[PDB]
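First comes one chain, alone, set out as structure tokens in the form deposited in one PDB entry.
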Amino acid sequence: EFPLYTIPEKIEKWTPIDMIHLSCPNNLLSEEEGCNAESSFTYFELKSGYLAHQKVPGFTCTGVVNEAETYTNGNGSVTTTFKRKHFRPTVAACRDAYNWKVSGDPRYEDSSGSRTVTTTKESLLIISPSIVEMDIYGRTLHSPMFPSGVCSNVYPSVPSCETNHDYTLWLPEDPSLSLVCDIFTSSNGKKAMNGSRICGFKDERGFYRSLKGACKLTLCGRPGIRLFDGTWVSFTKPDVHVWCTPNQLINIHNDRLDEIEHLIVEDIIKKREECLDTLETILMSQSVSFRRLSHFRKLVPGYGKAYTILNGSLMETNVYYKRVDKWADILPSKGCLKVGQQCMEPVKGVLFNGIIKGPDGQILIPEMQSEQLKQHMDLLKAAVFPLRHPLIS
């Protein structure tokens, strides 16, 4: 991921240069892993947002029978006594009843004598839609009408789950369970490589993730891998070799993640626009103003250049760029900028990369006062809900 800030490991030489040697950095996260090569490829991730096929459409099926004894009371009365009781359905009956219902027909649906009793016994099955949930980590099928919370059968062969009422069974709408793990999209990403080695990818939004520390995880039949940050994707030759502890969970794929991801990626773009735009006005106004060198800082860790102005001239040195995690790790004192081991003595109020000592003695870094990439980086961290197992226990 992107750091908050970057800072030279050490600063030694400070050689001079002309404004036409100003380079804007390309900020490739994958470079710090040693992979500067980006070839397209295609990977599987969860569908975005709602997963209509983690839910399983089905129907309860209860068997009733209504008896009606129509006796003549001997008063000359004609009296009718009703009894209602239950019975247990067979799966094949329930299916035929359901199919009968989905298309209109005749669905659901007495002589006196003087001295005869008459008993009509009607044997209905009632069919109400009932949705039940599935654990995509491993195909079991949970609901609170099932007696242990878990279906009595198990994917791919569920003729019927057993419910808590001996007279009611649950059948699934599609006895095949053929749609019931279509929860995947195929997206197009850009894989970052070094010859053969695969170090990470940018997903369909442009957001880079590293493969380092990624365990293997099979989700609802498809064997993918779990990326450190928690998200899950499957593609052909992962080079991942450590199965996950079942403790581990993946994350959902909600839309605002994908949205906020895209915000991050246009943020990286806009700093690279703003660096060329600055470097243009630098060469076409032929006036370089120290405030603005801030734009040439290598946003990613790695090797690069650093820039200042002294003795009137403009000048550079070649550095390794440490990741900076907390502002306080480089600003321990007021007025102190921790480069390597000592503070950085500013000459007539300037240090490198546009960092100055303001008139109050404080070390002003422009990125520190407002950075839209950093504010967005936090929202992403906050849109990440882990996809948990079913709660029914």
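Heads up, when I say rigid core I mean the largest set of C-alphas that superpose within 1.5 Å between the two forms. Note that residue numbering begins at 1 and tracks the sequence as displayed.
Absent from the display: the form deposited in another entry. The rest refers to it.
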When you overlay the rigid core, is the Cα of residue 323 off by 2 Å or more between this form and the one not shown? no
Would the C-alpha of residue 133 be classed as shifted by 2 Å or more between this form and the one not shown after rigid-core alignment? yes
Rigid core superposition, residue 353 Cα moves 2 angstroms or more between this form and the one not shown: no
In the other form, whether the C-alpha atoms of residue 362 and residue 328 sit closer or farther than here (change of 3 Å or more): farther
Distance change of 3 Å or more between the C-alpha atoms of residue 9 and residue 366 in the other form: closer or farther compared with this structure? closer
